[PDB]
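Asks:
Number of protein chains: 2
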Amino acid sequence: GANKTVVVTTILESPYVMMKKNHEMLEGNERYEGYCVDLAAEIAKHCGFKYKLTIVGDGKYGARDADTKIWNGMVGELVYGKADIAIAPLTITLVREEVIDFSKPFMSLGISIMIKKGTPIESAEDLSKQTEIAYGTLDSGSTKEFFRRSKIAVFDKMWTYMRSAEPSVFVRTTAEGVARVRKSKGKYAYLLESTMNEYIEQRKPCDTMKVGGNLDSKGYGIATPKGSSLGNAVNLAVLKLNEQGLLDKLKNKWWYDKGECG
Amino acid sequence: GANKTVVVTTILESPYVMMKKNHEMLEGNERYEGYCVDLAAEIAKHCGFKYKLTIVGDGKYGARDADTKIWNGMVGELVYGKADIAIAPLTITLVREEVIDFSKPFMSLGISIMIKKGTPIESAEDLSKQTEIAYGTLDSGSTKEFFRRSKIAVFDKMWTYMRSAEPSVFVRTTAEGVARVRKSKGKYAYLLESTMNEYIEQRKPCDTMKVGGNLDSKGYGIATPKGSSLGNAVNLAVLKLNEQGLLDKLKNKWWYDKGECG
Ligand SMILES: N[C@@H](Cn1c(=O)[nH]c(=O)c2cocc21)C(=O)O
Ligand SMILES: N[C@@H](Cn1c(=O)[nH]c(=O)c2cocc21)C(=O)O
Ligand SMILES: [Cl-]
Ligand SMILES: [Cl-]
Ligand SMILES: [Cl-]
Ligand SMILES: [Cl-]
Ligand SMILES: [Li+]
Ligand SMILES: [Li+]
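These protein sequences, in sequence, are chains A and A'. A prime marks a further copy of an entry chain.
Residue 1 is where the first sequence starts when you use PDB author numbering, and the numbers rise one by one after that.
Residue 1 is where the second sequence starts when you use PDB author numbering, and the numbers rise one by one after that.
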């Protein structure tokens, strides 16, 4: 039948998607800005569709409840037909790949350590061998799931520590994790995706840093419902944008051109 | 119908696939060793297929002749039905994605600069601004195609330099490029994939190094003919192996555990 406007699901997470300061004077997609807003515009331009940015209702990326078998988050919105495409910092994982389609990665990343400057930690092994410096992750998402599911000795030890540490080492949002690092006088380290770690390192008050190698090597992908015709074109668009250098340009724009730490 | 042995196409390129020193005393898949040999075994274990490693007849990765429209290399073997899967350091690119299926990446990489130690070059921009130190790429493959197709000023300038430089700055094999760096007294720099650059930096006589940031960010993928049923399972296997840390283990095994430079 006739073309329809493509429903995009995304999530408010700086610098990927933010409401503009003047959003009340704007309408529709123009209310938002960020890396994923720019990426959505480029994908739509190359694929020739009109689209509407919507914000995922439950604030989650995507996981399946073990009891009800229901998928939540942006993955769920795709699985249940509430959105046509997810354009967000959504990690390509096996369990998600089984239920939705993903483009090839538009950004590479790995789990990483954020410390307050001066914290005597250089690696995941360092954290795992001690408890004076508490450490944790988001309470939902692929970083938490990495530790929960790991059979690698160091990361399994870290997960056992995280589950049993008091007070809770988990946080609900990136902002909460960053604030906790900044306010804990070196006694909290935050495990988060390297992309986000790099972004925060260039934000005032310039008191955090990424330390150590990444713990894994993953990618973010554009997601569509399994079998959706849109998937092929969107994937070719990601590859084209990468080959043209435009994904690198967008990362530089949102991470470094605007950096606040010199 | 009944299960059939899966025909794998690959290419002799160290450390991905090499003939064992004692290969004459061995048969079948046991004649070969390397990262991609180990990876093929893990993929087959997880997917439950038997397979035969074969070596691509024409020694190429995969490109389409502009006049005849015929695909060569491992891509061609898939397109024309001569192999069922390609397991090799095969870069995911747009033009290839249009004709074959690719798994999500099993290895990340970018184009990079190899110098003989002491060469006064730190970046692609450095190379592009001069001619005393000649520089080039393989005469076939995705690294050459990156420069040929680039509309980025620095890389377009480098391509124009490479096409017009005398004597020819192109090489036919990785070994030829490495040898040329080693024998040219600092007057040749080799543009190659970062993975390979890192491998060579750990090989005697320990006289090369990787310099500068990568020029792009790409991945190697396992390839199957478009629409092949094997593609889904193989892709899930790559993701599982990545999530288990086994791809990192294989890279360490073939790059660093065996490193010859300390
Ligand atoms: N990418 C993850 C969600 N996520 C995460 O787990 N850790 C982080 O530090 C993140 C920053 O932005 C999004 C993030 C997923 O897809 O679940
Ligand atoms: N990955 C490339 C082929 N290739 C390449 O172009 N440059 C290199 O330095 C390589 C090392 O191994 C394979 C390589 C393709 O798929 O064409
Ligand atoms: Cl509509
Ligand atoms: Cl282990
Ligand atoms: Cl057979
Ligand atoms: Cl440019
Ligand atoms: Li999928
Ligand atoms: Li494809």
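Just so you know, even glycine gets a beta-carbon here, dropped at the ideal spot from N, CA and C.
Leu230 (chain A) touches chain A' at which residues, Cβ-Cβ below 8 Å?
Replies: Start at 1 with the first residue of the first sequence, and residue 230 (chain A) comes out as number 230. Neighbours of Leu230 (chain A) on chain A': none; closest Cβ ~15 Å, over 8 Å.
Asks: If you compare alpha carbons, which of A:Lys226, A:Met19, A:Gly262 is closest to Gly76 (chain A)?
Replies: Here residue 76 (chain A) corresponds to residue number 76 of the first sequence, with the count starting at 1. For the residues A:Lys226, A:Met19, A:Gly262, the minimum Cα distance to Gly76 (chain A) belongs to A:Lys226.
Asks: How would you call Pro15 (chain A), buried or exposed, if buried means at least 16 neighbouring beta carbons within 10 angstroms?
Replies: In the first sequence, the residue the question calls residue 15 (chain A) occupies position 15. Burial call: buried.
Asks: Against chain A, which members of the stretch 74 to 102 of chain A' pass a CB distance test of less than 8 Å?
Replies: Those would be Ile92, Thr93, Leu94, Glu97, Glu98, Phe102, in chain order.
Asks: Between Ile152 (chain A') and ligand 6, is the CB less than 7 Å from at least one heavy atom?
Replies: Sequence index remark: in the second sequence, residue 152 (chain A') carries index 152 (1-based). Yes; taking the cut-off as 7 Å, the Cβ of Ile152 (chain A') has a heavy atom of ligand 6 nearer than that.
Asks: Rounded to the nearest angstrom, how far is the Cβ of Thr208 (chain A) from that of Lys116 (chain A), given a contact under 8 Å?
Replies: The residue you call residue 208 (chain A) lines up with position 208 of the first sequence. The residue you call residue 116 (chain A) lines up with position 116 of the first sequence. Confirmed, Cβ separation roughly 6 Å.
Asks: List, from N- to C-terminal side, the alpha helix (DSSP H) runs of 4 residues or more that fit wholly inside the stretch 17 to 73 of chain A'.
Replies: With a minimum length of 4 residues, the continuous alpha helix (DSSP H) runs that stay inside the stretch 17 to 73 of chain A' are 35 to 47.
Asks: For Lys52 (chain A') versus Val8 (chain A'), is the C-beta spacing smaller than 8 Å?
Replies: Position 52 of the second sequence, counted from the first residue, corresponds to residue 52 (chain A'). Position 8 of the second sequence, counted from the first residue, corresponds to residue 8 (chain A'). Result yes, Cβ atoms of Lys52 (chain A') and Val8 (chain A') sit closer than 8 Å.
Asks: Along the stretch 231 to 245 of chain A, what residues have a CB closer than 8 Å to any CB found in chain A'?
Replies: Answer set for the stretch 231 to 245 of chain A: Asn235, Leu236, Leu239, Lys240, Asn242, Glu243, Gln244, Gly245.
Asks: Determine the direct distance from the alpha carbon of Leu250 (chain A) to that of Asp38 (chain A), and round the result to whole angstroms.
Replies: Residue numbering aside, residue 38 (chain A) sits at position 38 when the first sequence is read from its first letter. Residue numbering aside, residue 250 (chain A) sits at position 250 when the first sequence is read from its first letter. Rounded to whole angstroms, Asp38 (chain A) to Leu250 (chain A) spans 8 Å at the Cα level.
Asks: Hey, would you say the C-beta of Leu94 (chain A') is under 7 Å away from at least one heavy atom of ligand 2?
Replies: The residue labelled residue 94 (chain A') in the question sits at position 94 within the second sequence. Checking every heavy atom of ligand 2 against the Cβ of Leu94 (chain A'), none is found closer than 7 Å.
Asks: State yes or no: is the C-beta of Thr5 (chain A') nearer than 7 Å to some heavy atom of ligand 5?
Replies: Within the second sequence, the letter at position 5 stands for residue 5 (chain A'). Yes, ligand 5 has a heavy atom inside 7 Å of this Cβ.
Asks: Going by DSSP in three states, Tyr161 (chain A') sits in which element: helix, strand or coil?
Replies: Taking the first residue of the second sequence as 1, we reach residue 161 (chain A') at position 161. Of the three classes helix, strand and coil, the one that applies to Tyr161 (chain A') here is helix, per DSSP.
Asks: For the stretch 79 to 149 of chain A', which segments carrying the alpha helix (DSSP H) assignment without a break, of at least 4 residues, lie completely within its bounds, in sequence order?
Replies: Complete alpha helix (DSSP H) runs here, min 4: 94 to 97, 124 to 128, 142 to 149.
Asks: Between which two residues does the beta strand (DSSP E) harbouring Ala223 (chain A') extend?
Replies: Your numbering for residue 223 (chain A') matches position 223 in the second sequence. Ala223 (chain A') -> beta strand (DSSP E) spans 223 to 225.
Asks: Can the beta-carbon of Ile85 (chain A) be found closer than 8 Å to that of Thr224 (chain A)?
Replies: Within the first sequence, numbered from 1, the residue matching residue 85 (chain A) stands at position 85. Within the first sequence, numbered from 1, the residue matching residue 224 (chain A) stands at position 224. For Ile85 (chain A) and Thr224 (chain A), yes; Cβs fall inside 8 Å.
Asks: Please list the partners that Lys104 (chain A') has in chain A, where partner means a Cβ-to-Cβ separation under 9 Å.
Replies: What you label residue 104 (chain A') is simply residue 104 of the second sequence in a count that begins at 1. Near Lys104 (chain A') (Cβ distances below 9 Å), the residues of chain A are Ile92, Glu97, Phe102, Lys104, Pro105, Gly219, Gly221.
Asks: Under 7 Å: does the beta carbon of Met196 (chain A') sit that close to some heavy atom of ligand 2?
Replies: Locating residue 196 (chain A') in the second sequence gives position 196, counting from the first residue. Within the cutoff, so yes.
Asks: Report, in whole angstroms, the separation of the C-beta atoms of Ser112 (chain A) and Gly221 (chain A), which I expect to be a contact under 8 Å.
Replies: Reading the first sequence from its first residue, position 112 is the one you call residue 112 (chain A). Reading the first sequence from its first residue, position 221 is the one you call residue 221 (chain A). Their Cβ separation, rounded to whole angstroms, is 19 Å, which puts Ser112 (chain A) and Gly221 (chain A) out of contact at 8 Å.
Asks: For the beta strand (DSSP E) holding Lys187 (chain A), just list the boundary residues, first then last.
Replies: In the first sequence, residue 187 (chain A) corresponds to position 187, counting from 1. Per DSSP, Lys187 (chain A) belongs to no beta strand (DSSP E) and is neither H nor E.
Asks: Measuring only the C-alpha atoms, how far is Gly34 (chain A) from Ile11 (chain A)?
Replies: Counting from one through the first sequence, the residue named residue 34 (chain A) turns up at place 34. Counting from one through the first sequence, the residue named residue 11 (chain A) turns up at place 11. Approximately 11 Å between the Cα atoms of the pair.
Asks: Under 9 Å Cβ-Cβ, which residues of chain A' neighbour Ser108 (chain A)?
Replies: Numbered from 1 along the first sequence, position 108 holds the residue referred to as residue 108 (chain A). Per Cβ cutoff of 9 Å: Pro105, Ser108, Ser217, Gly219.
Asks: Over what stretch of residues does the beta strand (DSSP E) that includes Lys151 (chain A) continue unbroken?
Replies: The residue labelled residue 151 (chain A) in the question sits at position 151 within the first sequence. Per DSSP, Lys151 (chain A) belongs to no beta strand (DSSP E) and is neither H nor E.
Asks: For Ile152 (chain A), decide whether its Cβ has a neighbour in chain A', counting only Cβ atoms nearer than 8 Å.
Replies: On the first sequence, residue 152 (chain A) is found 152 positions in, with the first residue counted as 1. Taking Cβ atoms only, chain A' reaches closer than 8 Å to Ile152 (chain A), which makes this a yes.
Asks: In or out: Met25 (chain A') buried (at least 16 other Cβ within 10 Å) or exposed?
Replies: Your numbering for residue 25 (chain A') matches position 25 in the second sequence. Exposed, because fewer than 16 other Cβ atoms sit within 10 Å of the Cβ of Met25 (chain A').
Asks: Given 8 Å as the limit, is there contact between the stretch 231 to 243 of chain A' and the stretch 166 to 185 of chain A', that is, 3 or more CB pairs closer than that?
Replies: Flag = no, the stretch 231 to 243 of chain A' and the stretch 166 to 185 of chain A' do not touch.
Asks: Any chance the CB of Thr173 (chain A') is under 7 Å from a heavy atom of ligand 2?
Replies: Counting from one through the second sequence, the residue named residue 173 (chain A') turns up at place 173. Result no, Cβ not under 7 Å from ligand 2.
Asks: Give the range of the beta strand (DSSP E) segment to which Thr10 (chain A) is assigned.
Replies: As a first step, residue 10 (chain A) must be located in the first sequence, where it is residue number 10. Where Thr10 (chain A) is concerned, the enclosing beta strand (DSSP E) stretches over 6 to 10.
Asks: Let me know the secondary structure DSSP gives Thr173 (chain A') once reduced to three states.
Replies: Counting from one through the second sequence, the residue named residue 173 (chain A') turns up at place 173. Coil at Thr173 (chain A'), not helix or strand.
Asks: Can you give me the start and stop residues for the alpha helix (DSSP H) that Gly231 (chain A) sits inside?
Replies: For the purposes of this step, residue 231 (chain A) is taken as residue 231 along the first sequence, with counting starting at 1. Start and end: 230 to 243.
Asks: Tell me, please, which residues DSSP counts as bridged to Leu192 (chain A).
Replies: For the purposes of this step, residue 192 (chain A) is taken as the residue at position 192 of the first sequence. In DSSP, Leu192 (chain A) forms a bridge with A:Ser112.
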